[PDB]
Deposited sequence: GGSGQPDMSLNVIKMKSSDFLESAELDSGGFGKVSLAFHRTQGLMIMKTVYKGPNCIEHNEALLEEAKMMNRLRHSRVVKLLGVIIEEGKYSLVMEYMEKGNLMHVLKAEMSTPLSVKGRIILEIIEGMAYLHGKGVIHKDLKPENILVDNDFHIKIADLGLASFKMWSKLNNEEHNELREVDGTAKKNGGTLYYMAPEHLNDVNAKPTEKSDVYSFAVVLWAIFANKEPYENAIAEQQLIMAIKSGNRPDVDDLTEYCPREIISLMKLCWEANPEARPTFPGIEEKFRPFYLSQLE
């Protein structure tokens, strides 16, 4: 699964557009560039391997890597429209049925990740990438699951239990909460909590049970989805449903009500 730096051409923009020589268009995240010094290549390759095993239509695929002297890159597949929040904020308003697919696809991808024991610690619209006809893939662009590559805002989507208790081990129910807030954002066409003055006031407000304003959302969003996000953003973790539990009810709903 290895690659070379000579294989790619220039690139715009370090996240950059990597025109491969033969295979064509991809995106290159150069994680390190400099002296050479990096001693622990072995762990980097095994965790590239460990995240190469994640194979799904609804998850971003590691195309390859570059491990050479003064450069370290993760090569992933190009997604034409960018991230989800960019799509929503784009001047055309997306219809209900497309938003339905997006949501079902997010559920599919997460269920797969949770199937493989990978809890996403940072699920948010910036990690949901979109292709030309609105099909999505889930990424981890901050490398929160890849210890070693990291060794080379978000808070709106963080579950109460993790706020002011960093030793709490993330569970499946941590990103179900983040899913809830993604749902809001999908029908709100913007980031949540825009009226807050203090960030510390917000964090304590969120701990004590405050959530994004649904009053803004009732016009454009069906009731079954509004109930879903409230279930998912419960203060109690056990109160929240699993992704398979969401899938089982949301798939028949999407198919029969949204197309």
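Missing from the model, relative to the deposited sequence, are the stretches 1 to 12, 26 to 32, 172 to 190.
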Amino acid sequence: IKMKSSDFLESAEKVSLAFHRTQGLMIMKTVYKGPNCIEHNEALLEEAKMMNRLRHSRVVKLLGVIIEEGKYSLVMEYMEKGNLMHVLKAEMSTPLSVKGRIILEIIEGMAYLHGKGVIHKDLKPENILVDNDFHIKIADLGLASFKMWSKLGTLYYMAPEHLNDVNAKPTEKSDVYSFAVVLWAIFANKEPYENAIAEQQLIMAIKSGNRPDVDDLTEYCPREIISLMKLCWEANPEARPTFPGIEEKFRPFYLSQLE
From here on, numbers count along this sequence of modelled residues.
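When 113 to 121 is weighed against 68 to 76, 68 to 76 comes out higher, by mean CA B-factor as recorded in the entry. As listed in the deposited structure, the average C-alpha B-factor of 87 to 95 and of 104 to 112 is greater for 87 to 95. Comparing C-alpha B-factors across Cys221, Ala205, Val60, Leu228 in the deposited entry, the largest value falls on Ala205. Take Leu143, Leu163, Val181, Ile128 and read off each C-alpha B-factor from the entry; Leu163 has the highest.
Split the chain's modelled residues into thirds by C-alpha temperature factor. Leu155 is in the middle one. Split the chain's modelled residues into thirds by C-alpha temperature factor. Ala168 is in the highest one. Annotation for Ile246: CA B-factor lies in the lowest third of the chain's modelled residues.
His56: CA B factor lies in the lowest third for its chain, per the PDB record.
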